[PDB]
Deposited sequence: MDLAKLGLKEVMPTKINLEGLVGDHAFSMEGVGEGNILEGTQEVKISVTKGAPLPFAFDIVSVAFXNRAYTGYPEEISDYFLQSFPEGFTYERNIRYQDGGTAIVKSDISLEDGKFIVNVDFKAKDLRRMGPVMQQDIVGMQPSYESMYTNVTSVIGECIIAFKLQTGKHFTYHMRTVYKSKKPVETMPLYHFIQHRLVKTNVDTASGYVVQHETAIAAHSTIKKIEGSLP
């Protein structure tokens, strides 16, 4: 029942990001909508302050909501239960380079849309790395392990930026999501499969449009009956 949670099948969203990459401070904005029953979302992002960016854009693609996640019946939805109040999250990113990133976000629900407020910080990125070189074509699909820790939910994944050379550049992303309110049922260990793509690049618009599909499920390999865990 999404009506009691102040939601509907299709939900709009407005995200505001304040970023600090190295010494470069910037401010970005995104507007979009998506299906919270099928885990689809599409947001077009623009830069409001600090343009242009001396770094690769795709590092802020994960900062622009787990409410857009297709959860089956046999897995409880922590993030949709987090509403109408919403939920916050703290995200630590370590690129396969030594450079790090901290992403503190707060997904609220106002009137009838998700109001997200993200803070993005990055440091120790490499001069010849594909972030400062902007060799990144996009984001490959990923699998985020999601489990429970008392009142919070912890997700962990390895995101692989594809490069123009066909090679890949990975970063480990560990997020801790906390619902603002006690929330009833906590989820078991599962995965969320993500696919974040960029749609309109043959349209020189100044926007950067991204569509994310995130479907939650368990392991498809059957567990042995005599198997311990």
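Unmodelled regions of the deposited chain sequence (numbering from residue 1, in sequence order): 1, 66.
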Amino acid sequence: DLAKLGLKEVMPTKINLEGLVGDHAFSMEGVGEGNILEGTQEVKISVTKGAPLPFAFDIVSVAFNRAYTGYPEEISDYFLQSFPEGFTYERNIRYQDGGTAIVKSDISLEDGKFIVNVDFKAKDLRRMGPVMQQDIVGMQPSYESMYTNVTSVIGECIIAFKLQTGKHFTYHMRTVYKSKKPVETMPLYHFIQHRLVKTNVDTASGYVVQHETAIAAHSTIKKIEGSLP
From here on, numbers count along this sequence of modelled residues.
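Here, rigid core means the biggest group of C-alpha atoms that superpose within 1.5 Å across both forms.
Larger root-mean-square CA separation from the shown form, computed after a rigid core fit of the structures in 4 other deposited structures of this protein, is seen for 82-90 when 82-90 is set against 146-154. Comparing 193-201 with 25-33 in 4 other deposited structures of this protein, after superposition on the rigid core, the stretch with the greater RMS C-alpha deviation is 193-201. With 94-102 and 81-89 compared on mean CA B-factor from the PDB entry, the stretch scoring higher is 81-89.
As recorded in the PDB entry, 32-40 is the stretch of 55-63 and 32-40 with the greater mean C-alpha temperature factor.
The entry assigns its greatest Cα B factor, within the set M186, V176, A204, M173, to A204. As recorded in the entry, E110 carries the highest CA temperature factor of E156, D135, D124, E110. Looking at the C-alpha B-factors along this chain, the one for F191 belongs to the highest third.
When the modelled residues of the chain are ordered by C-alpha B-factor, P72 sits in the highest third. For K49, the recorded CA temperature factor ranks within the middle third of the chain's modelled residues. When the modelled residues of the chain are ordered by C-alpha B-factor, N200 sits in the highest third. Ranked by C-alpha B-factor against the other modelled residues of its chain, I221 falls in the highest third.
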